[PDB]
Each structure stands twice: as C-alpha cells, then as structure tokens.
Amino acid sequence: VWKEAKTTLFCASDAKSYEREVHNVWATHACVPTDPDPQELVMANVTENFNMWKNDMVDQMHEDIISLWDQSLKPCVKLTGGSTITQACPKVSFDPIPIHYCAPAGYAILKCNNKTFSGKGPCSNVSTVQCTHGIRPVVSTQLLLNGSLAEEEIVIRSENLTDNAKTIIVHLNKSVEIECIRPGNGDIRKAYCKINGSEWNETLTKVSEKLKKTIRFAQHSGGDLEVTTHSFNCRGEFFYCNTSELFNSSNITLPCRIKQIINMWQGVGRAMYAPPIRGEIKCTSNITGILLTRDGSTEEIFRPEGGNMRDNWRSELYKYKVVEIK
C-alpha cells in the first residue's frame, strides 16, 4: 500500500569540482554525484494513475532552474516593474548537462515502462526507481533540444484537449540534427540554422499521421518575439531563428539573429546582456520534442508555442510521480 504524497526532492549529476560551466558549478553547489549502481524493480500486474500536468516534480525542477539562471546568467541590466538593477554581465561557457532528480529518504518514484503512455492516466507496465535519468535542462520555445527520443510511435500529450488553449507536447521515434552557427569573422547579430531536409520531410510526414480530419501548419499567431520564433541559448547568446520556411504549403536553412534584449521566461521583465563574443558560435544539439497549440471548417490549425517553460520539463518528467511508501 502506498500514497501519492509530495516532498522536497534533490538533484544528482556527474558534476565536476573544477569546470567553469554554468551548470557544472551550480550542479555541484547544491547537488550530488550520480549514484553509480541504479536499482529498478519491474512491478508485475501493477497499474497506477500518473499525471504530468498536475504533477509537482515539474514545479520542483522548474523552480530549481530559475534560481540557477538568476544567479549565473547575470544581465547587464535586470529590469522588472518599477524598481531597476544593473550589474556585471560576463560571458561564460553554456552547455546543458544530465541532471538526475532523485527521491529522498523515505519516498520513491515510479517510472512507467509503457512506452506509449498518454502522459496522463493508467500505466500498464509500472516500475520503480530511486532517481530519474539523464535530464538536460533545455530552455527553449517551439522546439525541444538535447532530450530523449520516444522509443515507440510518435506520442502526443495534452492536459485537456477539450480546451484548445492547453499546450500540446510531442515526442519522436528518431532524432533530427539542428545547426545554428555564427561565423567567426560587419554584422555580429546574424546566424544560420541548418537542417537535413530529407530527414525532415519524413519526421513531419509521420507526425500528421498520429495526429489523425485534415491537418494544417502555420507560424505562431502573434505574441512576444521569444514565443513567435525559436528562442534558445548558445554558449551564452540568445538566438532567435525565424521558423517560417518549415511551415509552408531539402537543405532547409533559417535566418537566425542573436539578440540581447530578451523578455524573461522566469516571470515579468526584460534583460540586456553583453554583446556576443567574436568567434564561430555554433551550438549543435539534437531535436527531440515539439510544443504547439490548437486554433479554436474542414481543417485543423496547429501553431508552435513556447508558452510556459514548465512544459519543457514536463516532456521528461511525465512518466514519474512522487509517492510516500507506507
């Protein structure tokens, strides 16, 4: 007998007590080494009701990473509301690392073995673990990076498809590489997003299938820049790649443009960071997940959305839930 209770979690990662990475410095300040000998137990004939949207593990990690950025990525001017603060703004290395989240002394986590889990509901094959797997803190909009591929057919997940206002998260059964560069030699704020087109006319051809009326794709309706485009951080620079060519009626490239005036995803307010450093700034990370929205005719319209950042973690913590072992 058990019960779905909530408590204070803790992180576990292959942190390093020397490196100058933003993560590898904080992820060793309030985090622990990854437990070398894992222990999973395959529960037979066991079913449990998971949920990713009303989950707390999401809100746990979401808050822990906001703290990370509010004490690492220091903006030259942090502006929120009336009051204002302006401090130092140096450039540091920036590459996300595996952050296993583990359960404290007295509790446990359940890892749904069922690969085709709908994100919210019963799990046919349930197992249990002590900690999560290698989870890289990917902060972005429209697209998800460096994540984990879906083992089975393309999986869709929603909180309430009754409402078209609730975001939709997608996983994939094969990865597609993205390449956003910044030539190391005029105009600094300019970038190029490269994608193998042949591996794209497949990985979206397959998507609209599981999506099955008729399917139509378009660019974001209209919101803040960070949402209506692809916002992500590369070595410390906030890239913004125009996703217009992807959603039209090979070797697909995109006109990305580095900014400094970002609209903070943490809460409210904007921030200005120091201009990009000279040199080829090309971050290469895999594509694993997608965030969209539904428009509320014979067609159904789907627009990419960055909305709340909590979904970006909800795509990696969906098959987990906290329980107090009786």
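Note: the structure precedes this text.
Scoring rules and cut-offs
- Residues numbered from 1 in each chain as written, not as in the entry; some residues may be left out.
- Heavy atoms only, no water.
- Helix = DSSP H or I, 4+ residues; strand = E, 2+ residues; numbered from the N terminus.
- Buried < 20%, exposed > 50% of the residue type's maximum accessible area, 1.4 Å probe, protein only.
- Contact = heavy atoms within 4.5 Å.
- Core = buried A, V, L, I, M, F, W, Y, C linked by side-chain atoms within 4.5 Å.
- Pairing = 2+ DSSP bridges.
- Polar contact = N/O pair within 3.5 Å; in protein donor to acceptor, adjacent residues only side chain to side chain.
- Expected span 1.5 Å × (residues − 1).
- Salt bridge = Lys/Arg side-chain N within 4 Å of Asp/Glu carboxyl O.

Chemist: So, the environment of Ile-215: which residues are in play, and what are the values?
Modeler: Within the fold, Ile-215 resides in strand β16 (residues 214–217). Given the relative accessible area of 25%, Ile-215 is considered partly exposed. When residues no more than four places from it in sequence are discounted, the contact partners of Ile-215 are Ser-208, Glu-300 and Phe-302.

Chemist: Give a description of the nonpolar core that names residues and reports values.
Modeler: In terms of nonpolar packing, the biggest core is built from 33 residues, with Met-57, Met-61, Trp-69, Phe-238, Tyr-273, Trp-313 and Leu-317 touching the most fellow members. Contributions of two or more residues to this core are made by α2 (57–69) and β18 (237–241). In terms of residue count, α2 provides more of this core than any other element does, 6 residues in total.

Chemist: Now, about the sheet that holds strand β24 (residues 322–325): what can you tell me, with residues and values included?
Modeler: The sheet built from 5 strands is open, its strands ordered β1-β24-β9-β11-β4 with antiparallel pairing. Only two strands of the sheet have a single partner each, and these edge strands are β1 (2–3) and β4 (41–42). Pairing geometry for β4 and strand β11 (residues 126–129), over 2 bridges, is antiparallel. Across the sheet, residue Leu-41 finds its bridge partner in β11, namely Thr-128.

Chemist: I'd like to hear about the side chain of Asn-55, residue by residue, with values.
Modeler: With respect to the helices, strands and loops of the structure, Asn-55 is situated in the loop between β5 (48–51) and α2. Taking the relative accessible area as the measure of exposure, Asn-55 reaches 8% and is therefore buried. One polar contact links the side chain of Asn-55 to the main-chain amide nitrogen of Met-57, over a distance of 2.7 Å. For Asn-55, the contacting residues outside a window of four places in its chain are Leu-317, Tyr-320 and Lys-321.

Chemist: Mind laying out α2, listing which residues take part and the relevant values?
Modeler: Spanning 13 residues, α2 covers 19 Å between terminal C-alpha atoms, matching the ideal 18 Å at 1.5 Å per step. Regarding α2, the residues found buried are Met-57, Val-58, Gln-60, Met-61, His-62, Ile-65, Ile-66, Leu-68 and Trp-69. Along its buried surface, α2 packs onto α1 (23–26), β8 (100–102), β9 (107–112), β18, α5 (310–314) and β24.

Chemist: Which residues make up the pattern of salt bridges, and what values do they have?
Modeler: Evaluation of the coordinates by the stated rule reveals 10 salt bridges. Of the charged contacts in the structure, one is a salt bridge between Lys-321 and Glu-4, with a shortest N-O distance of 3.1 Å. The closest approach of N and O atoms between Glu-153 and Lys-210, which form a salt bridge, is 3.1 Å. It is possible to trace a salt-bridge network through shared partners that takes in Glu-4, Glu-48 and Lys-321.

These values are about where atoms sit, not about what they do.
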